[PDB]
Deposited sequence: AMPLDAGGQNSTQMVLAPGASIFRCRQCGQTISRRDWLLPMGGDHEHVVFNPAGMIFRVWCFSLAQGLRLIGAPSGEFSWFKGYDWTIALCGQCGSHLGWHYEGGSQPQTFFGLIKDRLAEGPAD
């Protein structure tokens, strides 16, 4: 379509694909302890990120998963989190939908 690739909204960095969305919903609405609301889309796969630090289970929105902050590898924009250490699946990405731009391949 014109809606197959997700890029960083701020710089255009290639991040993910609609094909790589992971449900039983791809969309999750969550709050951090600073009360910031995020509309998170779960992806099986993403690229062009920089994962910062080591995983933490603190305040994890997803039972059994530890998170690392995922920046845009290009521009440093906070795009979401990489989740690991869980089961079925072991890992995935939670990306902030409004920080991405959807478009053609």
*Do you know which deposited regions have no coordinates at all?*
1 to 17, 41 to 42, 125
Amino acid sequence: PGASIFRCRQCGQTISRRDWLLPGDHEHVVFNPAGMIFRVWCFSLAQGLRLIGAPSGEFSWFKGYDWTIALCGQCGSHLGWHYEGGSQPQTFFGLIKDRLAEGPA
From here on, numbers count along this sequence of modelled residues.
*Higher-B stretch (mean Cα B-factor, as the entry records it), 66 to 74 or 30 to 38*: 30 to 38
*Give the position of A46 by CA B-factor within its chain, expressed as the lowest, middle or highest third.*
lowest
*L100's Cα B-factor: lowest, middle or highest third of the chain?*
lowest
*asked:* Please say which third, lowest, middle or highest, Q13 falls into when its CA temperature factor is compared across its chain.
replied: lowest
*Lowest, middle or highest third: where is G53 by Cα B-factor in its chain?*
highest
*asked:* Ranking the modelled residues of this chain by C-alpha B-factor as given in the entry, is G94 in the lowest, middle or highest third?
replied: lowest
